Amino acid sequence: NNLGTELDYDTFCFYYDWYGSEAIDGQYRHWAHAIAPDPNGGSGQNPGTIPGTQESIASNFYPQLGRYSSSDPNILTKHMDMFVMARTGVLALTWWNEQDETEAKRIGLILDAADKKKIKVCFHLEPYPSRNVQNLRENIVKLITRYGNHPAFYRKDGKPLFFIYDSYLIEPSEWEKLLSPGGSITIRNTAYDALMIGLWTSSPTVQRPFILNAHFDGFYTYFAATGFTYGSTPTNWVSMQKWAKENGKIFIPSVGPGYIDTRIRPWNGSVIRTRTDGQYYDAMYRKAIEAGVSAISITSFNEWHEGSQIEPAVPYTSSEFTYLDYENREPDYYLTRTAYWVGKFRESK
């Protein structure tokens, strides 16, 4: 087929499976959430919590699917249909090393649901407690062993791919042991080799030698809010891609439709980026495509706390809060707009 509707498998969309319902999970997990104290406020703050009721959830937006469970097979089916609409071929699953049966179950359901729609799954490895290169190797081994034969397990030219959040918190001398072909616990040339994509945060002075000395295969930027870091300032992307190509590295800039997390972080208004009927999303996606990259990541499918989601949202006013919504656009606008940009990306690829 040459219909311009096919999934793109160099487009990665960051996906969260931490939502719960009382019925399926015992609690409206994540819909209920702590409110963070202001880092520059006093000692003795009592910020409180968001209860996760129908009226009051931990997002400035409101999901079309309501307070859904990430464990609900029928929610998962609808999410995969949304991925198909968006033409996003890879679901990049947040992985917090929860070490519990409920998460193991969710990962299996997600893989199965993805495969029904030809979607692929890769893992976004988060900074879990005591994360280090040894237990990272152990976890990489477990993931590849457990899921590597699943038809939905993502591979690029035969290799799995991992996004590593906050990679910069581990010294390059530690990464070398895992990621250099001569590293003492190397995954290179083993059954567990993978494309390792680290989080580029700050200036090239710092990030260039880090990426080289740590032996990352590439880098991504994550943050949906333009200007939050050097990496998430789209005017830097041309230069970042130039360096990536010069150094045999894979650059996967992250694009988002907007940002707002003030329900859970009321003091954090400076990071707000307004959606303006999709123009923000367009501008950011345009910059990624213009930089001439080979892959793009999307922040996010459903990080509802951060207001970066492309998942459909609906107008909602409760007694507790008046939510933001997609303004002059329909609930599925960010999905269909994603499909539009995937088309432009593929056109110049």
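In case it trips you up, residue 1 is the first one in the sequence shown, and so on.
Across the two stretches, 1 to 9 and 338 to 346, the PDB entry reports the greater mean Cα temperature factor for 1 to 9. As listed in the deposited structure, the average C-alpha B-factor of 84 to 92 and of 141 to 149 is greater for 141 to 149. Ranking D217, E101, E126, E174 by the C-alpha B-factor listed in the PDB entry places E101 at the top.
Per the deposited coordinates, the residue with the largest Cα temperature factor out of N60, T317, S69, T299 is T317.
The PDB entry assigns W31 a C-alpha temperature factor belonging to the middle third of its chain's modelled residues. The entry lists a Cα temperature factor for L199 that places it in the lowest third of the chain's modelled residues. In the deposited entry, the Cα temperature factor of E246 sits in the top third of values across the chain's modelled residues.
When the CA B factors of the chain's modelled residues are split into thirds, the value for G292 lands in the middle one. Ranked within its chain, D261 lands in the lowest third, by CA B factor from the PDB record.
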